[PDB]
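The data below hold one chain only, encoded as structure tokens and taken in the form deposited in one PDB entry.
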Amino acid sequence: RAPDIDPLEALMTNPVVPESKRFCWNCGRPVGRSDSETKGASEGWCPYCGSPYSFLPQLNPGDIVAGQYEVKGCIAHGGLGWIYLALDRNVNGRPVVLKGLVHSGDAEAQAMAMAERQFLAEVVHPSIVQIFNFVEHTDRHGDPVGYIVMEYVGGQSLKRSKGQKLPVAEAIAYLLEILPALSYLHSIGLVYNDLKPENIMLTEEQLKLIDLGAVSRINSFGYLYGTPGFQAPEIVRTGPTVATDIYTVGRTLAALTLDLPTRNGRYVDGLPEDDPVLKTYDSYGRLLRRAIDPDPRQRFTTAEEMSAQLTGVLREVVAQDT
């Protein structure tokens, strides 16, 4: 007899953060580490900045959030802590995903965080993860914390290491599917702000953008955070813009296709000279340089314009590959 297995079990991870992956959310320094003297604590305070940390899950299997979401366990751990899998009692017990909103804060701070992100529930595009709700629950210490509720997205991110870079045609075809989602965001006065391979999910059917935490209004300065090697150099002066999102498209294509030099764990600005890929596909190299131009006024004016040039480049890459 063949067994009846719950397919959710294979989707979840052991709810322990390995020591090599423990960092302070505030100052970025390693925390919760074992030394030649003492064992690393799963929760405590950062010895350098004094910020509280916890690598323990804040929602346990069987917990019910806002009388609606039945927690099943953990999917992954990130910058905002654990990412939980839950079953939505309003939508037939469909598995959904919960993620925290702020690393720390009192009741008023949590309420303000939920309210400021509520607009994401109105973002509707087939290539952008759907946000279903914003809910409150108590953490492992009894203090109320806010959660974003989102659609469960299948597959894995486009993040590729030095040995598994995508062929140019594949990477372009992927970004051509992403660019209309950016055009859609720009049409409603929003910037995605966090485009990078790790935030793009590849499913059995399509591509989907996740991690809407950086989504912001054009020319606003409330959120300036970004990854060195992906973020536009002028973000401090202009705030997020269509031009900063175009720059991230260029950086994303480069990170998916090129063996980019890295320094202190981040990709260096610009593109390497004599790179075999850029010498092979000239129009592609020209498009990337335009997209990452240090002058934002020199970049593609709109995502629709970039898509039009990119379509032309795909035809040329496909023809060259023969």
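When you see a residue number, it is the position in the sequence shown, counting from 1. By rigid core we mean the largest C-alpha set that fits within 1.5 Å across both forms.
The next section is about a form of this same protein that is not shown, the form deposited in another entry.
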property: Rigid core superposition between the shown form and the other one: residue from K159, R94, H141, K162 with Cα shift of 2 Å or more; result: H141
property: Core-superposed comparison between the shown form and the other one, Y223 Cα displacement 2 Å or beyond; result: yes
property: Direction of C-alpha distance change in that other deposited form, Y223 to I235 (at least 3 Å); result: closer
property: Outcome for the Cα pair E136, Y223 in that other deposited form, compared with this form (closer or farther; change of 3 Å or more); result: farther
